[PDB]
Amino acid sequence: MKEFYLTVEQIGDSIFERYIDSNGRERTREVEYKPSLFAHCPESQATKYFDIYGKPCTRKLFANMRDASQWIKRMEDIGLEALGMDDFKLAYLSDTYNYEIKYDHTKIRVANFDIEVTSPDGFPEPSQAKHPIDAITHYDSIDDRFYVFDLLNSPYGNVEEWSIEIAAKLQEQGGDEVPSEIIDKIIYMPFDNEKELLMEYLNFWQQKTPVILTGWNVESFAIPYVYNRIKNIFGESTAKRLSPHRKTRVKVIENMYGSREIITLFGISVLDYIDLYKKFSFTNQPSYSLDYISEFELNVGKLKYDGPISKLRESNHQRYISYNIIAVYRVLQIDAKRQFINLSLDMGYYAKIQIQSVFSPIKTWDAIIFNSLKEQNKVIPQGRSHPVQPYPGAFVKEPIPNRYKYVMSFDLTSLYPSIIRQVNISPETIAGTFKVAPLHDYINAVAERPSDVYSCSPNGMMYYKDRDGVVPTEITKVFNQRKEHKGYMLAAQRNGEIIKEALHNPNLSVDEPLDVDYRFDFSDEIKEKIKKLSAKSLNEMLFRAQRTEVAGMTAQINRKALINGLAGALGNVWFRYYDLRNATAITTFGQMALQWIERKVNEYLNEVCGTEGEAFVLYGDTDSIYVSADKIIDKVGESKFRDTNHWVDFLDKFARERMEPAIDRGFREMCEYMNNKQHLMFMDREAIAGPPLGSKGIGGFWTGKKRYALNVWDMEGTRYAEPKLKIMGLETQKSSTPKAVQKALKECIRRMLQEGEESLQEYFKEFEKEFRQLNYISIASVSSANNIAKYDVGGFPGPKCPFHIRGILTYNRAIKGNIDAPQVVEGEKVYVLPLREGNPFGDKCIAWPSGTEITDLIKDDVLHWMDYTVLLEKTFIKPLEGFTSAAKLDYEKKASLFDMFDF
DNA sequence: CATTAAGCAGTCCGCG
DNA sequence: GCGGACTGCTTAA
Ligand SMILES: Nc1ccn([C@H]2C[C@H](O)[C@@H](COP(=O)(O)OP(=O)(O)OP(=O)(O)O)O2)c(=O)n1
Ligand SMILES: [Ca+2]
Ligand SMILES: [Ca+2]
Ligand SMILES: [Ca+2]
Ligand SMILES: [Ca+2]
Ligand SMILES: [Ca+2]
């Protein structure tokens with residue numbers, strides 16, 4: 001097999017590398033790496049090295065990495081560019097692995113762990129580590145085993161061994177319900193004292209040294225706690241045994257009333273699953289507790305126990321250990337679904353970076369571009385300092401706030417990367433400039449053609465047409481990868497709807513799920529067999545189709561985020577290829593493209609409808625347009641349609657056969673206008689929206705920019721079994737909105753769009769009447785808690801104190817002196833409730849850590865003093881008023897002359 | 001070591 | 001009692 005790296009570090013003049021050899025064995029080596037950098041030389045000097053602009057360079061080979069670094073400083077002082085890769089471990093990886101890395105994940109040790117620490121005096125701070133570590137569960141991906149380290153004797157209580165037999169039993173029979181499929185994979189190790197537990201854990205660690213280290217909050221809790229605890233008991237150099245190279249770096253962050261730290265373990269790549277989830281999931285959650293995320297991702301119930309966590313070990317050690325084990329398994333279950341570790345490995349090896357560098361689009365692209373240029377013997381430019389400077393982005397049309405009955409949307413494929421490729425935007429492809437006209441002159445095709453020689457953007461930039469740029473070249477590679485996975489995702493999505501259709505008439509038989517590949521559209525023969533399957537088989541097939549869709553989503557959406565990241569990186573001062581000429585060449589082209597095609601679509605539809613001057617395009621944002629299809633439906637006549645699916649089919653055909661070719665013609669003309677390298681402005685129909693035929697539903701509405709709702713029947717070629725609400729920007733979509741309120745507002749919208757005014761009024765009336773019965777957490781608002789200290793004046797609110805921050809200070813005063821009440825952590829999220837006048841908290845609101853029950857001592861008073869009237873008005877009534885006024889609809893029946901009668 | 005556009009909630013201030 | 005300027009937060013893209 002081909003060799004591949006596991007980890008790489010620079011430590012002084014040494015590169016320390018862990019890797020897999022040609023026999024598939026894990027190895028380590030220390031290399032006194034000899035780096036090269038480059039300097040511009042005169043043309044007369046023959047050389048094989050040229051910078052990206054074609055200027056000759058001389059190679060400077062250094063005896064060590066420090067010498068190379070000192071030379072960079074001298075060059076800076078002289079005032080001359082020092083070219084080449086200055087991150088030497090990236091150069092080392094590039095020299096060592098001068099081919100496309102093919103990696104085998106089964107050879108990569110992936111460790112998932114978590115620890116328990118009993119603390120009778122508040123949160124056990126990792127930097128102090130003053131309490132015993134009383135449980136560790138460490139899953140090893142190579143052994144496929146959960147290694148469980150259990151402390152039986154502690155200053156906080158002596159306990160009996162954990163029972164695997166009780167652990168497996170149902171909770172309803174007094175067991176812990178540890179999942180049956182991991183029971184045989186548990187290796188249990190009790191210890192009489194913490195010192196022997198910790199010594200054994202370190203010996204184990206040496207035997208099974210993580211390459212990838214993950215888990216839930218391991219970077220901020222588990223790692224620094226273990227490191228500091230071991231340091232306190234055995235000394236710092238024993239703690240350094242957690243690094244395979246015995247080197248660590250301690251990072252102390254001052255928070256005025258916090259003071260915590262992160263430990264860098266050299267030779268390990270830490271991928272905290274919380275950070276992976278936040279980067280790759282495209283969610284914004286009201287809480288990041290493992291309970292909440294597991295419930296969201298897996299539909300599993302909360303891990304229930306009686307009393308505080310500080311008393312759980314002494315009162316129920318059995319459950320304490322089982323829950324430590326289950327918590328580790330839950331992360332593995334989330335990853336089996338989301339596949340973020342897989343993604344990280346794919347991206348890291350593709351770029352040739354430390355795996356943890358996948359968090360950084362700048363580092364990722366720097367490496368990709370460096371490796372690409374190095375293949376051609378090209379030399380990369382020195383990174384330079386740049387002042388931060390705002391620049392313009394995308395265009396968003398102001399919509400007329402209204403109901404919109406029939407809507408079809410159209411969207412440009414991968415817009416910014418497509419613009420890069422179409423125009424040929426790269427640092428080395430710049431050909432010059434032209435004199436700009438106002439943007440509207442390009443939009444309306446009245447401005448002089450910029451160039452008949454070069455490829456242009458309406459920002460004034462010209463690019464060569466006849467040569468390749470490294471940015472377009474490398475962005476295309478990832479774009480093509482992305483395209484493949486999105487195809488798999490959409491096929492799985494379509495396959496899912498086929499299964500949902502068939503679940504309407506399940507067969508009464510004993511059968512099995514069909515062994516199929518969900519990444520490809522089912523054949524007719526498969527569809528025939530599906531229509532004869534049982535409900536059991538269908539529901540299992542749907543699970544597999546959806547899991548396939550999620551895997552496709554992870555792979556495609558994050559490759560999209562990477563390539564969009566490159567367009568954005570051009571606008572970040574720390575990017576080696578930072579250049580606002582290129583960053584704005586993209587955004588300005590985008591603005592032109594959207595507004596050009598708005599004009600073209602309006603022109604085309606007036607033409608085919610036999611009219612003039614009517615506005616068909618009602619809205620657009622960045623790369624999408626929304627077309628009112630009312631006149632298209634009316635031109636045929638609504639009574640001609642047999643059912644909803646009939647008009648949906650009609651509009652689908654209209655978009656594909658008539659509109660899309662006109663859109664294509666429009667964009668090909670624009671490409672010619674700008675004299676672009678290649679036409680890549682591909683705008684396809686996205687959504688088809690409207691009310692069910694014969695209903696009083698309004699179909700859709702806009703309240704303003706980035707705020708709308710649509711009743712969608714078909715999305716990007718997926719014909720839904722049941723209509724799906726597409727809601728953007730409205731409170732239903734916001735993590736700050738109370739859970740039960742999101743639910744109620746969504747039903748209000750559903751009724752508006754699908755059923756009409758009277759249906760809405762009936763729901764509103766019910767919700768208002770039952771509002772006070774909802775669980776307090778379900779009706780609490782949520783906010784992030786930043787700069788708490790700034791507004792903290794002796795426990796009371798300082799000037800301009802935000803509402804949520806005021807709530808936190810109220811809470812802090814209420815829990816003062818109580819050592820067991822959970823503290824609000826700076827930067828994390830809080831539930832927020834308004835409080836009625838005269839409450840014993842002495843302020844208008846309270847806030848507490850999100851994803852938790854408010855502490856028992858103050859919970860009673862919160863429930864008693866909650867201001868339901870304020871809560872309903874602020875979170876529910878006021879947003880609903882926005883929706884209904886825009887839609888020209890009432891959520892409550894207006895008084896009228898008819899009120900004089902007895903109906 | 002490291003993208004912009006834009007809506008809504010809330011504070012402060014003005015307001016015979 | 002509301003608007004206008006301004007901060008904070010959180011979306012859409
Ligand atoms: N983080 C982001 C998100 C978006 N955009 C810009 C670039 C995108 O090309 C454009 C439109 O984003 P979309 O969500 O419409 O997705 P794309 O057009 O990129 O991809 P596709 O439509 O193929 O999914 O907005 C950006 O610069 N940075
Ligand atoms: Ca725990
Ligand atoms: Ca599309
Ligand atoms: Ca798009
Ligand atoms: Ca059937
Ligand atoms: Ca879009």
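Note: hydrogens, waters and symmetry copies are ignored here, and every other heavy atom, side chains too, is used. Proteins get letters first, then strands, A, B, ... in listed order; numbering begins at 1 in each.
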Nucleotide N/O to protein N/O under 3.5 Å, stretch nucleotides 1-5 of chain C:
none

Starting from [atom2] on [N], measure out to [atom1] on [X] and report it in whole angstrom.
X: A:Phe575; N: B:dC1; atom1: CZ; atom2: P; result: 13 Å
X: A:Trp702; N: B:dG7; atom1: CH2; atom2: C1'; result: 16 Å
X: A:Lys279; N: B:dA2; atom1: NZ; atom2: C1'; result: 12 Å
X: A:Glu219; N: B:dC1; atom1: CD; atom2: P; result: 17 Å
X: A:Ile727; N: C:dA12; atom1: CD1; atom2: P; result: 11 Å
X: A:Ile586; N: B:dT4; atom1: CD1; atom2: P; result: 12 Å
X: A:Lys706; N: C:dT10; atom1: NZ; atom2: P; result: 17 Å
X: A:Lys278; N: C:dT10; atom1: NZ; atom2: P; result: 12 Å

A cation-pi test, strictly: NZ or CZ of A:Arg813 under 6.0 Å from the centre of the six-membered ring of A:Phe796 and no more than 45 degrees from its axis. Yes or no?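 Because its charged atom sits under 6.0 Å from the ring centre and within 45° of the axis, A:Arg813 does stack over A:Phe796.
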
Regarding [X], tell me which of base, sugar-phosphate or nothing describes its non-hydrogen contacts under 4.0 Å with the strands shown.
X: A:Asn284; value: sugar-phosphate
X: A:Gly729; value: sugar-phosphate
X: A:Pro361; value: nothing
X: A:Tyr391; value: sugar-phosphate
X: A:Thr587; value: nothing

For residues A:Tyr227 and A:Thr248, is any side-chain donor paired with an opposing acceptor at under 3.5 Å? yes

Return yes if a side-chain donor-acceptor contact under 3.5 Å exists between A:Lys739 and A:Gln742, otherwise no. yes

Using the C1' atom as the point on both nucleotides, what is the distance between C:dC9 and B:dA2, in whole Å? 22 Å

Integer angstrom distance from the P of C:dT10 to that of B:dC1: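 Going atom to atom, P in each nucleotide, I get 30 Å.
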
Ring pair (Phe, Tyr, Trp, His ring centres under 6.0 Å): pairs with one or both residues in residues 558-578 of chain A, sequence neighbours excluded: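 Applying ring pair (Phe, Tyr, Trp, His ring centres under 6.0 Å) to every pair that reaches into residues 558-578 of chain A, excluding sequence neighbours, yields A:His386-A:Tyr578, A:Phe575-A:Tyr577.
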
Closest nucleotide of DNA chain B for A:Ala567 versus for A:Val396: which of these residues is on the 5' side?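 Whichever sits nearer the 5' end wins; that is A:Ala567.
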
Does A:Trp574 or A:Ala394 map to a spot on DNA chain B nearer the 5' end, using the closest nucleotide for each?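 The residue mapped nearer the 5' terminus is A:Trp574.
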
Flag the pair A:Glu474 and A:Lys477 as a salt bridge only when some basic side-chain nitrogen lies within less than 4.0 angstrom of an acidic carboxylate oxygen.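 A salt bridge links A:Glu474 with A:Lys477.
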
Charged N to carboxylate O under 4.0 angstrom, A:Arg576 versus A:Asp86? yes

Does NZ belonging to A:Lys724 count more than 12 external heavy atoms closer than 6.0 Å?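 Result for NZ/A:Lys724: open.
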
Exceeds 12 heavy-atom contacts within 6.0 angstrom, atom CZ of A:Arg384: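 Counting other residues, nucleotides and ligands, CZ of A:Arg384 exceeds 12 neighbours.
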
Among [options], the one nearest [X] by side-chain distance:
X: A:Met728; options: C:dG8, B:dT4, C:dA12; result: C:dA12
X: A:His804; options: B:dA2, C:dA12, C:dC9; result: C:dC9
X: A:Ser736; options: B:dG7, C:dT10, B:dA6; result: C:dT10

Quiz: residues 872-882 of chain A side-chain donor-acceptor pairs under 3.5 angstrom, not counting sequence neighbours:
{"residue": "A:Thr875", "atom": "OG1", "partner": "A:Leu871", "partner atom": "O", "Å": "2.6"}

Among residues 776-794 of chain A, which contact DNA chain C at a heavy-atom distance under 4.0 Å? A:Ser783, A:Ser784, A:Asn786, A:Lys790, A:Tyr791

Working to the nearest 0.5 angstrom, can you tell me the gap between A:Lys844 NZ and A:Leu835 CG? 11.5 Å

Flag, side chain of A:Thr429 to backbone of A:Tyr463, donor-acceptor distance under 3.5 Å: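 Absent.
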
Closer than 3.5 angstrom, by distance alone: can the side chain of A:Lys746 be matched with the main-chain N or O of A:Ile727 as a donor-acceptor pair? no

Contacts under 3.5 angstrom, residues 253-269 of chain A side chains, donor-acceptor by atom type, not counting sequence neighbours:
{"residue": "A:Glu261", "atom": "OE2", "partner": "A:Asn228", "partner atom": "ND2", "Å": "2.9"}
{"residue": "A:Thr264", "atom": "OG1", "partner": "A:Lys251", "partner atom": "NZ", "Å": "3.2"}
{"residue": "A:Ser269", "atom": "OG", "partner": "A:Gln356", "partner atom": "OE1", "Å": "2.7"}

Is the phosphate of B:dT3, meaning OP1 or OP2, less than 4.0 Å from a side-chain N or O of A:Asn572? yes

Under 4.0 Å protein heavy-atom contact, by nucleotide of nucleotides 8-14 of chain B - B base, S sugar-phosphate only: SSSSS--

